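# Chain and residue survey
What follows is the residue order along each chain.
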Amino acid sequence: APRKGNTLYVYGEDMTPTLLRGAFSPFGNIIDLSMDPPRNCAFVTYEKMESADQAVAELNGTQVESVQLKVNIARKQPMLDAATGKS
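Residues numbered from 1 in each chain as written, not as in the entry; some residues may be left out. Heavy atoms only, no water.

This deposited entry lists solution NMR as its structure determination method.

### Some points on the overall build of the protein
The condition that has to hold: For the purposes of this entry, the term helix denotes a DSSP run of H or I that reaches at least four residues, the term strand denotes a run of E that reaches at least two, and both are numbered from the N terminus. With the radius of gyration taken over C-alpha atoms, the globule rule is written as 2.2 Å times the number of residues to the power 0.38. Three labels apply to residues, based on accessible area from a 1.4 Å probe with only protein chains included: buried if under 20% of the type maximum, exposed if over 50%, partly exposed otherwise in between. The criterion used for residue contact is that any of the two residues' heavy atoms lie within 4.5 Å. All accessible areas in this document rest on Shrake-Rupley with a 1.4 Å probe, and a residue is counted as covered only by the protein chains that are shown. Counted as positive: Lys and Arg. Counted as negative: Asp and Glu, with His and the chain ends omitted from the count. Where a charge lies is defined by one atom per residue type, namely NZ (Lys), CZ (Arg), CG (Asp) and CD (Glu).
Counting its secondary structure elements, the protein contains two helices and five strands. Whereas a compact globule of 87 residues would reach a radius of gyration of roughly 12 Å, the protein reaches 12 Å, a difference of no more than 12%. Across its three principal axes, the protein shows a C-alpha extent of roughly 40 × 25 × 20 Å. A total of 87 residues make up the protein; the buried ones form 34% of that total. Contacts in the protein between residues far apart in sequence, at least 24 positions, make up 65% of those at least 6 positions apart. When the accessible area of the protein is evaluated, it comes to approximately 6000 Å², of which 47% is carbon and sulfur surface. If the 9 positive side-chain charges of the protein are averaged to one point and the 10 negative ones to another, these points end up 8 Å apart.

### A closer look at the sheet that holds strand β2 (residues 30-36)
We apply this condition: Only when DSSP finds a minimum of two bridges between them are two strands counted as paired. Here an angle of 0 to 180 degrees is reported between the N-to-C directions of two axes, which are lines fitted to C-alpha atoms, with helices fitted over the stretch in contact.
One open sheet accounts for five strands, arranged β2-β3-β1-β5-β4; its pairing is antiparallel. Each edge of the sheet is formed by a strand with only one pairing partner; in this case those strands are β2 and β4 (62-63). Across the sheet, helix α2 (residues 49-59) touches β1 (6-11), β3 (41-46), β4 and β5 (68-73), and the angle it forms with β1 is around 15°.

### Some thoughts on the nonpolar core
The test is simple: Residues belong to a common nonpolar core when they are buried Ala, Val, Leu, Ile, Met, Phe, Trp, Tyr or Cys residues joined through side-chain atoms within 4.5 Å.
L8, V10, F24, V44, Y46 and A55 are the most contacted members of the largest nonpolar core, which has 16 residues in total. Those elements giving two or more residues to this core turn out to be β1, α1 (17-24), β3, α2 and β5. For this core, the leading source of residues is α2, giving four residues. With residues up to four places along the chain from it excluded, the contact list for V44 reads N6, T7, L8, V10, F24, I30, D32 and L33.

### Notes on the side chain of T7
Stated precisely, the cut-off is as follows: In protein, a polar contact means a hydrogen-donor-capable atom and an acceptor-capable atom, both N or O and within 3.5 Å, with residues adjacent in sequence counting only if both atoms are side-chain atoms; elsewhere, any N or O pair within 3.5 Å suffices.
In this structure, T7 sits in strand β1. On the basis of relative accessibility, which here comes to 5%, the residue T7 falls in the buried class. Engagement of the side chain of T7 in a polar contact is seen with the side chain of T45, the distance being 3.4 Å. Residue contacts for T7: discarding those within four places in its chain leaves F43, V44, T45, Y46, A74, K76 and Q77.

### Focus: the pairing of β1
Both β1 and β3 contribute to a ladder of six bridges, which runs antiparallel. Of the residues in β3, the one forming a bridge with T7 is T45. Here β1 pairs with β5 via four bridges, running antiparallel. Among the inter-strand pairings, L8 is bridged to a residue of β5, identified as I73.

Okay, here's the thing in structure tokens:
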């Protein structure tokens, strides 16, 4: 698949774009990162499903200075359902 984008669900408080980009920057490259201020949840798209596995698995179960970040799976980004794999 020449195109990909695994959107990830991120939940937390007082979260910023640059901060989230750093939490998913090293995990992999993001093709589309969206933030939701009304639900306090940010969405991160990864070019490979593995980038979301390390970020969602490493980010999930982590606490900040005084906050917690929960990662889940989003059903958005259907243009390529994230990517391809055994599923």
